[PDB]
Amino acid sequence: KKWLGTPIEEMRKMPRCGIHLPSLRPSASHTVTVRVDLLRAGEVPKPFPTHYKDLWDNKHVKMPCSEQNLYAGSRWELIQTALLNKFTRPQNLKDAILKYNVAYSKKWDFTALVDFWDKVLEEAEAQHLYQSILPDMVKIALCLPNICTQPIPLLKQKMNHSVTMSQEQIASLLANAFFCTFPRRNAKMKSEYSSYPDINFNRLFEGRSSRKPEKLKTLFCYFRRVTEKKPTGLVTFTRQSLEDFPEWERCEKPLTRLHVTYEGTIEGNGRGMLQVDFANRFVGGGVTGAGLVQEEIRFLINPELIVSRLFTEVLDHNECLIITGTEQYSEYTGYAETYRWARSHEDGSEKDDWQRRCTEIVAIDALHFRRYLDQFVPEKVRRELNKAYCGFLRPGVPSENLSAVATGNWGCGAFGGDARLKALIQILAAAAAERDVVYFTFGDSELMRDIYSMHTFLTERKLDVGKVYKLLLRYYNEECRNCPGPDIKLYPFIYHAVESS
């Protein structure tokens, strides 16, 4: 038996369950970088305004094309002069990039880049990269000031704000990231941007990791498609931050429906559902660097997610980033050290009334546990409930229009968490948000069954979240607090504690 619970066909998914959308427009809480009066199916969006407007502030992105990006001396014009040379070898790209990054000439290794070029790529491919792709990338990179003509706000901690943007605009930005043109983004001592993730792609060219080329394949697949064929969709990046959370002890809301399976993945089989990304608080994690786990894979196969790093400040405990409309340009076999680029992916997902694809991804960072038992402390249980709930909550949205949540072993690989606790927590969080849950256990068939049995057990006995929470609190005190290893595990205890009275 490959799955358990309520069948996946009965779960709500977009666009079916979606609300009627209000007309897209700019507001104090919503930056829209395109012309909404023109927005139209299968036609590349027009940027608003028509001509570049610059801001060099602590409130907006610092664009490379700004007349205030200086090295007098226009670094932008330095960047143009550098990239407009012809690249016949890897070192020409190294030198080019290092022309406007002279402080890092002996700190940025480019060995991975040369290996992908000379060894892993065959001559017919290597030729295609420097004759078609690279010069095509440079054109869209230098078109930035004609395409990203509206300053881009930074999504800082505590801001509840959305930025909606064209896929074409995303492309030009990411192109700039590749060639490492974003100023004041590379220091260590750092100024402004210590609390923001890396955006420049320098670390992607470092060292002798065997995975490094496969990432380069994955991003070039994306850089190929959008250069050869411009995409026409919009993407929304929404930072959400709550100041008030459910009193979990006294919450009276019932548990929702579950579908659990050890077959499939969030991206593959959570189509048109709220797909959870298991983030680092610096969203995207080490996608640019040496990370190649769930989030980073997701950021690579949906490379438009990466740009979020340009403007999304590290998430606080009460925050998440919702991304709606990113497109999948690659497929993958493997995981981490076994990850391979396998195939260009043709996405056939329906776009909504704002021309965003009906893919909604939410980044929520679990906590990272040194030790096992630390997670059962109420504080930590409460934190994770709050993070997930924020992840799932759509304030002012009727539940009958919320899709189900496609999630899995959140926090339970790199971050040391317990799958059986975190499953339950997300089940508690989703119930508070009145959403249904589709759980992917990622091969673990015993976990599928334990979560099923648990959910099934709790539903029978008509326990509201408050009662299921109070049990988790009871587990800590009676069995975790005074513990050489806790005597009974979480699930056997709940079965005992419920049946014992």
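So that there is no doubt, residue numbering starts at 1 and follows the sequence shown.
- The segment from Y71 to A72 is interrupted, since 10 or more residues of the deposited sequence in that interval carry no coordinates.
- Deposited sequence between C483 and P484: 1 to 3 residues lack coordinates.
- In this entry, 221-229 has the higher mean Cα B-factor, the comparison being between 221-229 and 421-429.
- Legend: mean Cα B-factor per stretch from the PDB entry, 200-208 versus 269-277; the higher mean is in 200-208.
- Considering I147, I361, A126, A414 together, the PDB entry gives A126 the largest C-alpha B factor.
- Set against one another, the Cα B-factors of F369, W108, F179, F282 in the record reach their highest point at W108.
- In the deposited entry, the Cα temperature factor of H345 sits in the top third of values across the chain's modelled residues.
- Remark: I140 belongs to the middle third of its chain, ranked by C-alpha B-factor as recorded.
- Ranked within its chain, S29 lands in the lowest third, by CA B factor from the PDB record.
- Among all modelled residues in this chain, the alpha-carbon of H259 has a temperature factor (C-alpha) in the middle third.
- In the PDB entry, a CA B factor belonging to the middle third of its chain's modelled residues is recorded for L471.
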